[PDB]
Amino acid sequence: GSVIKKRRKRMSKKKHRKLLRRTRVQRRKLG
Amino acid sequence: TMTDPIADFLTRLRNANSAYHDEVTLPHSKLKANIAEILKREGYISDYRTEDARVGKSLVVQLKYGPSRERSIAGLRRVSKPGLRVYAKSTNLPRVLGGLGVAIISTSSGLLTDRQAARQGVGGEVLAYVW
Amino acid sequence: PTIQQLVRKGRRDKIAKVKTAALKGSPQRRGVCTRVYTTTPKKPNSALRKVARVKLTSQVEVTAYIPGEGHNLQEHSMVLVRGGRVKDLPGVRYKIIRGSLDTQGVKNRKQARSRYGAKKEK
Amino acid sequence: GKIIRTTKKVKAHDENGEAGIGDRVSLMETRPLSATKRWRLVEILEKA
RNA sequence: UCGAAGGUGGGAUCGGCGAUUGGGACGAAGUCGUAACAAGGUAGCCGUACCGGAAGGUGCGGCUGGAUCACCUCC
RNA sequence: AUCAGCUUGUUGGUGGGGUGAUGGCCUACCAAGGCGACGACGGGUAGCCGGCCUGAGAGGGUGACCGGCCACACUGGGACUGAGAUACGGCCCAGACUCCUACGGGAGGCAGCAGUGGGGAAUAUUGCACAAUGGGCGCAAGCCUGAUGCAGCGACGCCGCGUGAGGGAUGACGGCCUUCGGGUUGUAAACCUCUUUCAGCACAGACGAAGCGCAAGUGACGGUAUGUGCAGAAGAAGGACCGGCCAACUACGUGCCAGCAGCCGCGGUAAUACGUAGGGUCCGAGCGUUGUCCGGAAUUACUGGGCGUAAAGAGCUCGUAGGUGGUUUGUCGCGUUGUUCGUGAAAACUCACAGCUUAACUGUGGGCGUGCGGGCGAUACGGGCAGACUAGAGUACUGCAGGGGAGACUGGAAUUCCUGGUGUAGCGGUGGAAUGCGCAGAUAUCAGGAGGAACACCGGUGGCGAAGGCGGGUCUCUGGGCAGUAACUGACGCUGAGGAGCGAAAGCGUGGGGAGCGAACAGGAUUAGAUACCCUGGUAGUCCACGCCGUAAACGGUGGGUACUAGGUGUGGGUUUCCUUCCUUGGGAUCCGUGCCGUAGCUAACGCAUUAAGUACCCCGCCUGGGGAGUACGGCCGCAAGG
RNA sequence: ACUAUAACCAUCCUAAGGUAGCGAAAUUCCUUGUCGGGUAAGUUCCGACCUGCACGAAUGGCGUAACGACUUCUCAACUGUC
RNA sequence: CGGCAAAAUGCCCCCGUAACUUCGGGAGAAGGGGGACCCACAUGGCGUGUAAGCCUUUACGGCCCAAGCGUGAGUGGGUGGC
């Protein structure tokens, strides 16, 4: 299997983790 | 573990047939002997006999090949199996190879072929197909 | 799968995507033109496609395509819209029926007249 | 086409209560003796 | 006595709007950089942690879905 | 189940009450039950069926007409009368709405037939008759019947018919194309005969009524259908399409425009794809478009699919419910199977026949109604019951190999630092350097000391473990495996939804420890820029104890069990016959592992191939185009990260 | 690629140029900042924006269940507070 | 300036209680129902305990126990007042 699919999935995962890091305190205070 | 002795018998026959063996041995039981009887009487196998084994008895089957080494059996399929079992009435008995094959049916009158069961007006469990 | 797995879970068919949800089970709907304008298609093609913004009777705001050569549609014009997709335009699934209600049949049409609401010449 | 084994609970009525738990009992239908009670104990085939 | 409707009360549950705010898809030609594909010029990717305008970098463990190993003298 | 708990007249008993009738139907007392992952309790949607449409069938969608059952009658409660009540055109109350009122109070209920307004893309006449059939009352005549029988309107559907037929040419005119020759429209037309279907006019005129009536008559349809005459081809054709799928091509106009398009895709001055004209094709009182369902789609695969790399094997085990199960004897007749009886309304469907001038349509008679209930027959298989056996499974005994696991103690090399000699001016680092260290005596060399971590050679495609994983030594405790004997039990097996446990590294908590390495962080260098690669330092962390986490390219990208299907050759563990020195991998045989090459077979191919991805059987997990997204919302778990 | 800002670049200075988080704040002068909510009417109050005159990580930063004769705002009830 | 001060709630027994949470709380959350007297069940139940009775290692003994004294809670009916 091409590593292209792994690359797409990893970019999605990395962006989501970055978003989670950027809004940790906001999420904690809203929940 | 072993679940279907009948299917194991059929697969021993099929595997020996593909390998052009002249001989196939397996543990003996009444049902397997009756299936061997039907196969021999219908001319699919050469001959069968039952020796005795170390514990019980064995079944020995001679495979029939033509002069140019062409197999006398074209296929062997198990129809009714543990889990999903198949029963047919006397009127909707299956046809094998458009009638060119033989379907073995277990009726209360014993083991019969599809044509015998149709002629006698009986039904039962469809054990296997031979063609 | 196994027969037992089938009797335990069965087979579930794929769900069907509903097309033209704004029609709400009707072959046609009547709407009023929120705004009549023009737009450019996808990249491979190029034109000035004529598109109307229609507010249907099913309370759905929908963008519809105007077939034919010339049209006489302006604001607050009652039209009858149907289903039909235009490949070039991204999100247009409806076409305005020519020759019904305010919208007029095209002019000087002599072939496929019934598809553009142009009467037979006398 | 597979043969499926399903289980069902019925409530029977026995006067003297001679039937314990685990006994193969025989039942016969009857008119409603109460809500949910529609069977009458005939006899115990084999205790256990 | 029961009893529809009505009144009081505290909760369930389904939707709409919401100043502000997050990401997603698409958009010839804008800006910034070169991350991947040939050993892509630091092999790549998986989990995890930290860090960084951004792709990304680095640590620990793992995988091959990673390329090259010339000449090589005795027999 | 992104709804796991629900129930207190609720589950049962007794005595009463109540009812046409049994019954927590109601009631007093008593007991504590009842239902639920075979999905209770919630949420959403829905009148059910004969049937209808689609399909080869299985199946899928549906419940229009006609036919059966249920429910309701402005909304919500209630009873009364009665043989019978959701009492549509009954009653009582409450409510909303509409109307009358002398303000005290009253009236109303189209989801009956027409009709109106509104909503909508969209669905009809405020018609005729009780002549026929059915119903109510009456002894009866008779009366009532918007049930019903008819008519009106709408190509809304199915079916049928017509718009003419024969003859008619070097094939007229016109059109269009042209190679300028001519070709096509085209036997088409014009003309010559013939026939009039259907419409139009005239005349006659029904059946439906073995009916009703003891009156003399009685048909709503209807003076209709129909029949006979009259005249004349006379009054009667449009729609879509023509690049390929997919029958049917040329010219002119326009030029990335205007536009077309179901998909592929067509528009760039010479388009068979746009527009228009000739021609053509397919249908035809229709032809197309849109909406919806089935088919094609084997694209949810029972018939009839898959999971090494395309989407798809849980990280691995144990085990609950469940599913499934070796050889054999007897019995039951639950499944299975044969036959018979009852039922499966009619209509519909199919076969045959009959009647409408045919057809649609209608009637008659079979079949169908794939099922269920009762009796009778069979016992091969499945199952139950009662036994038996040892080939599976397990125990016993004798040996065997191993980094399997836990604890305790302990060894040596090397790195680092500290102390003391000798000893000087560099050491260190790189592709090349610089930060840095040293001249306060560094690096080097020797002796001594402290401390932590990892265990060179053995050591490999070799061993063990379910997987993660596991090698300095010794001791203690402990798990599994294999071989042989076969002494013992006698099917005790397999798989396993959920569930429980284990689970690399990183990370988290508390307490220790910290030599080396080292995210972050500092400088140096490279660079256009270096939040990097390289250099010098370097904190968490790496280590120990006790707990959390629960993920990995947790991979053989290959779930577990079992049987069968050519061989050749390494290597690990163990038994045994024969060369025999019996030293020897002597060689063979056999059991259990672990590699390589290779048949048959399988696969899209690569490849797999007795350790299967071959041939089959049992059980589990998972897949259904790509993104959005393993993300949002809800929930559970976690200290958090997050899962 | 309209305009706007500036992910980006250059340059001077320093021991280093403020990170996470929060921000009209017990810090915000201008100021009753602006928008939203609440009221018939809200310089106070709550939510948000960031232009932080002059927040900011043990003179700790940001939160936080429970607690308070603390400060602030709103509602019901109750009343001679009116 | 500000509900300051007053008013209001207030007990017992039942029923029933939200967000959030450090799982302990929040909580007396909130919100609601009954409460007098007489009679009957009822010479009832409960406590105590004498005589009687039973038992024993017999005594400053144990058990039980009519009578007597004390006492709730409930159920049903009735009575009176704002």
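In what follows, chains are A, B, ... by sequence order, proteins preceding strands, each numbered from 1.
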Open item on the list: Of the listed nucleotides (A258(F), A378(F), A121(F)), which one gets closest to any side-chain atom of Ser108(B)?
Closed with: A378(F)

- [ ] May I ask you to verify whether the side chain of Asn15(B) and the base of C564(F) hold a donor-acceptor pair under 3.5 Å?
- [x] yes

Task: Side-chain heavy-atom pair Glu29(D), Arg38(D) within 4.5 angstrom cut-off - done: yes

Task: Criterion salt bridge (charged side-chain N to carboxylate O under 4.0 Å, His left out) against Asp22(B), the qualifying member of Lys64(B), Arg69(B), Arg71(B) - done: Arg69(B)

Task: Adjacent bases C245(F), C246(F) meet stacking criteria of 5.5 Å and 30° - done: yes

Please tabulate, one pair per line, each protein N/O and nucleotide N/O from nucleotides 558-561 of chain F that are separated by under 3.5 Å, including the distance.
from	atom 1	to	atom 2	distance (Å)
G561(F)	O2'	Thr1(B)	N	2.6
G561(F)	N2	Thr1(B)	O	3.2

Open item on the list: Taking donor-acceptor contacts at under 3.5 Å, does the side chain of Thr11(B) reach the base of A616(F)?
Closed with: no

Task: Pair partner, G66(E) [Watson-Crick or wobble, under 3.5 Å] - done: none

Open item on the list: Regarding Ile105(B), tell me which of base, sugar-phosphate or nothing describes its non-hydrogen contacts under 4.0 Å with the strands shown.
Closed with: nothing

Task: Other residues, nucleotides, ligands: >12 heavy atoms within 6.0 Å of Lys87(C) NZ - done: no

Open item on the list: What is the separation between atom CZ on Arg115(C) and atom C1' on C241(F), rounded to the nearest whole Å?
Closed with: 9 Å

Open item on the list: Heavy-atom nearest nucleotide on RNA chain E for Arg21(A) versus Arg10(A): which residue maps closer to 5'?
Closed with: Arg10(A)

Task: Among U300(F), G323(F), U276(F), the nucleotide that comes nearest once only the side chain of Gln111(C) is considered - done: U276(F)

Below 3.5 Å between N/O atoms, which protein atoms pair up with nucleotides 305-309 of chain F? Just atom names and distances, please.
from	atom 1	to	atom 2	distance (Å)
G305(F)	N7	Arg11(C)	NH2	3.3
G305(F)	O6	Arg11(C)	NH1	2.9
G306(F)	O6	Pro1(C)	N	3.4
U309(F)	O3'	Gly1(A)	N	3.3
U309(F)	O2'	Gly1(A)	N	2.8

TODO: Spell out yes or no: do the side chain of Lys14(A) and the base of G56(E) have one donor N/O and one acceptor N/O closer than 3.5 Å?
DONE: yes

TODO: Report yes or no: is there a donor-acceptor pair, N or O only, under 3.5 Å between the side chain of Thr6(D) and the base of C38(F)?
DONE: no

